[PDB]
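Before any comments, here is the structure.
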Amino acid sequence: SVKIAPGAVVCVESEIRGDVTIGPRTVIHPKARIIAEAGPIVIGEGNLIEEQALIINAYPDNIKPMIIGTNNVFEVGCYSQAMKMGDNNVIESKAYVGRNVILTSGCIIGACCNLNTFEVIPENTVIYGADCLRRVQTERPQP
Amino acid sequence: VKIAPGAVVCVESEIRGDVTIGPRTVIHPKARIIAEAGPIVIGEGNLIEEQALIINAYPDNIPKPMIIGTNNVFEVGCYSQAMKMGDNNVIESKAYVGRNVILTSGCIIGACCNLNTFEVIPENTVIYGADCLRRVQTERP
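As you go down the protein sequences, you meet chains A and B in turn. Mapped onto the entry's author numbering, the consecutive letters of the first sequence carry residue numbers 8 to 70, 80 to 159. Mapped onto the entry's author numbering, the consecutive letters of the second sequence carry residue numbers 9 to 70, 79 to 157.
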């Protein structure tokens with residue numbers, strides 16, 4: 008069953024299936040898909056999931081919960097299987113974040129980037145290029 | 009203050025003056041939207057987070081409207097005077113964006129940055145760096 012915090016804004020035209028928990032201040036646009044397939048999904052306070060974004064707790068390519085922190089922006093048509101994500105991240109339009117990727121905090125995944133890697137992204141990283149071959153440090157604080 | 013059907017304006021928010029709010033836009037508690045020197049027009053699907061400040065102010069010099085597009089994000093505590101913004105821009109927590117800064121689409125202003133220049137930021141630009149002087153384009157317009 009789907010559990011939304013009072014004061015979260017989830018549009019009727021979004022697709023939300025499985026054991027999903029939505030923190031307060033979170034907003035989910037129409038046509039966003041959130042699917043707790045292989046395990047629960049937990050979304051924290053103050054995230055934005057935009058149109059056609061796809062978030063899925065999927066079975067891997069081999070034989080539990082997906083945890084998302086606070087203040088992350090999932091831009092239109094992006095696709096995430098990352099099982100853990102911290103705070104203050106932005107995933108840009110049509111970027112893909114793979115199941116073996118762990119996002120920390122303050123990161124930016126560039127538009128159209130296909131990040132299907134096995135790694136923990138250091139804090140404050142920007143990864144961009146369709147290829148995902150470029151990385152810089154934001155050097156910004158967090159608060 | 010004109011609010012479109014399907015927009016969500018939280019009760020503890022502050023909206024003053026000639027402000028138009030498009031459908032699906034969400035305005036959180038303690039956000040401030042002030043149309044002081046001119047109107048503010050805000051499009052669809054924007055998100056204005058707690059304690060964000062958006063103001064159409066008189067310039068620091070001696079009524080033109082502020083125009084904001086679709087799916088832009090004003091994170092907690094940020095402060096914007098930009099008079100024109102397109103689509104899919106993210107202004108990160110506690111950043112400042114100036115009156116003569118024009119954002120196109122797909123931009124990200126790094127947390128706590130102070131961006132008070134005279135220019136049109138190219139699409140898909142990330143403002144970052146220790147002094148917020150570094151820029152990169154994640155993708156071409």
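Every residue, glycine too, gets a C-beta built ideally from N, C-alpha and C.
Review point. In chain A, which residues lie less than 8 Å from B:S96 when you measure between Cβ atoms?
Key: Neighbours of B:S96 on chain A: none; closest Cβ ~16 Å, over 8 Å.
Practice item. Take B:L55 and list the residues in its own chain whose beta-carbon comes closer than 6 Å to its own, dropping the five residues that flank it on each side. Key: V34, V89
Review point. How about A:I70: is its C-beta nearer than 8 Å to some C-beta of chain B?
Key: No, A:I70 lies away from the interface with chain B (no Cβ there is under 8 Å from its Cβ).
Exercise for review: Could you tell me the distance, in whole angstroms, from the CA atom of A:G145 to the CA atom of B:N87?
Suggested key: Cα to Cα, A:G145 sits roughly 22 Å from B:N87.
Check your understanding: How would you call B:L149, buried or exposed, if buried means at least 16 neighbouring beta carbons within 10 angstroms?
Key -> It is exposed - the Cβ of B:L149 has fewer than 16 other Cβ atoms within 10 Å.
Exercise for review: Compute the Euclidean distance between the alpha carbons of A:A39 and B:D68, then round it to the nearest angstrom.
Suggested key: Approximately 42 Å, taken between the alpha carbons.
Exercise for review: Classify B:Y95 as helix, strand or coil using the three-state DSSP reduction.
Suggested key: Correct three-state label for B:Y95: strand.
Check your understanding: Is residue 161 of chain A close to chain B, meaning its C-beta is less than 8 Å from at least one C-beta of that chain?
Key -> The structure shown does not extend to residue 161 of chain A, since chain A spans only 8 to 159, so no value can be given for it.
Point to revise | Opposing strand residues paired with B:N132 [DSSP bridges] | key: Paired residue(s): none; B:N132 is not in a bridge.
Review point. When you compare only the Cα positions, how much space is there between A:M82 and A:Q153?
Key: 26 Å
Point to revise | Pick from B:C128, B:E135, B:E57, B:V9 that is closest to B:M99, judged by C-alpha positions | key: B:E135
Practice item. Output, in chain order, the set of chain A residues within a Cβ distance shorter than 8 Å of B:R32. Key: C18, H36, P37
Check your understanding: Which residues of chain A have a Cβ atom closer than 7 Å to the Cβ of B:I124, listed in chain order?
Key -> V106, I124
Point to revise | Contacts around B:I11, its chain only, beta-carbon distance under 6 Å, and the 5 residues preceding and following it disregarded | key: Excluding residues within five positions, the ones whose Cβ falls inside 6 Å are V17, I29.
Practice item. Measure the Cβ-Cβ separation of A:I84 and A:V49 and say whether it is below 8 Å. Key: The Cβ atoms of A:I84 and A:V49 sit closer than 8 Å to each other.
Review point. In terms of residues, what are the limits of the beta strand (DSSP E) holding B:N64?
Key: 61-64
Point to revise | Selection from B:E20, B:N140, B:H36, B:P37 that minimises the alpha carbon distance to B:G102 | key: B:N140
Practice item. Give every residue of the same chain whose Cβ lies closer than 6 Å to the Cβ of B:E91, excluding the five residues on either side of it in the sequence, and list them in chain order. Key: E57, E108, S109
**Study point:** The beta strand (DSSP E) enclosing B:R150, as first and last residue numbers
**Key:** 150-153
Point to revise | Counterpart residues of A:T86 in DSSP-defined beta bridges | key: Within the DSSP secondary-structure output, A:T86 pairs in no beta bridge.
Point to revise | For A:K10, the first and last residue of its enclosing beta strand (DSSP E) | key: A:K10 -> beta strand (DSSP E) spans 9-11.
Review point. Span of the beta strand (DSSP E) holding B:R24?
Key: 22-29
Check your understanding: Among all the DSSP beta bridges, which residues are the ones paired with residue 78 of chain B?
Key -> Looking at chain B, the numbering goes 70 and then 79, which leaves residue 78 of chain B without any coordinates in this model.
Review point. For A:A15, which option in B:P13, B:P37, B:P31, B:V9 has the closest C-alpha, if you only look at C-alpha atoms?
Key: B:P37
Review point. Are the C-beta atoms of A:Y112 and some chain B residue less than 8 Å apart?
Key: No, A:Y112 lies away from the interface with chain B (no Cβ there is under 8 Å from its Cβ).
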